[PDB]
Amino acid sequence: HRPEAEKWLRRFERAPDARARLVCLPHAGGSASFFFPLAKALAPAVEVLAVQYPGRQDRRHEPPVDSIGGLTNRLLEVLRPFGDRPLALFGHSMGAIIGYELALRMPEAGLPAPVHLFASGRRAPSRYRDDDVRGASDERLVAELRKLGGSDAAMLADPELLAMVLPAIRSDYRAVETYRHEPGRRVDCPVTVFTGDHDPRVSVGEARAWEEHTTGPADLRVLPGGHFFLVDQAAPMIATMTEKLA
């Protein structure tokens, strides 16, 4: 079971004396490797556990888990062994939703409550939007990922890997857009929200609205950029996260 569980997590920089572990949950089309710089930046005080969803990179042959709830169910089991220190969650876009669902479910699932939720690039769970005004073409979604460079973009360049990963991007996209929150629910931990100032799917009001999803303090940081603002704006985010986790 642990060997299977370990397929879901990558520890790019062991931090045996970390005061907290930070579970990092990528966007649609994003893999664990997205958080390699963050693991290096937060160690030794915080240990990053970067989540590898089925269908990603080394898991490319596994069918995507097709719903937020299915991902959450599986991740709850993955995170069982980390109750010896505080656990915090960070997610971008789809990852933000999975982070929120994990935080809500953890106590009834038998896991200690998380100490903090960082929600990046995502409107509050209660905030509804109809279909993207831009549509969601294969070309746009792949182009956004290509722009980021790194390992995920390198994969997309190979037409054989592209053919396999495109349906995973599509599955992820559909999972997030079909996701519906359970009305009335609130986590108990602090929520710190990061959003780009021109992400067309996250208004400042929708980002502030994360306050309706916690009984604890909610914080909002608007950073310059679009949906993937967090790449170019990594430093102040890391600074804020370090401060919050200290």
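So that there is no doubt, residue numbering starts at 1 and follows the sequence shown.
Per the entry, higher mean C-alpha B factor between 81-89 and 121-129: It is 81-89.
Mean C-alpha B-factor comparison - 225-233 and 9-17, higher one: Of 225-233 and 9-17, the stretch with the higher C-alpha B-factor average is 9-17.
When you compare the CA B-factors of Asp197, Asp219, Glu206, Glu62 as listed in the entry, which one comes out on top? Comparing C-alpha B-factors across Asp197, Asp219, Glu206, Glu62, the top value belongs to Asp219.
Which listed residue, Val115, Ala143, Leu166, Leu104, has the largest C-alpha temperature factor in the record? It is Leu166.
Mind checking which third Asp188 falls in for C-alpha B-factor across the chain? Highest third.
Test of reading the entry: by CA B factor among the chain's modelled residues, which third contains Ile97? It belongs to the lowest third of the chain when residues are ordered by C-alpha B-factor.
Once the chain's modelled residues are ordered by C-alpha B factor and cut into thirds, is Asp138 in the lowest, middle or highest one? Its C-alpha B-factor, which the entry lists for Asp138, ranks in the lowest third among residues of this chain.
Which third, lowest, middle or highest, does the CA B-factor of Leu161 fall in along this chain? CA B-factor rank for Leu161: middle third.
Can you work out whether the C-alpha temperature factor of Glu211 puts it in the lowest, middle or highest third of the chain? For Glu211, whose C-alpha B-factor we compare with every modelled residue in the chain, the answer is the lowest third.
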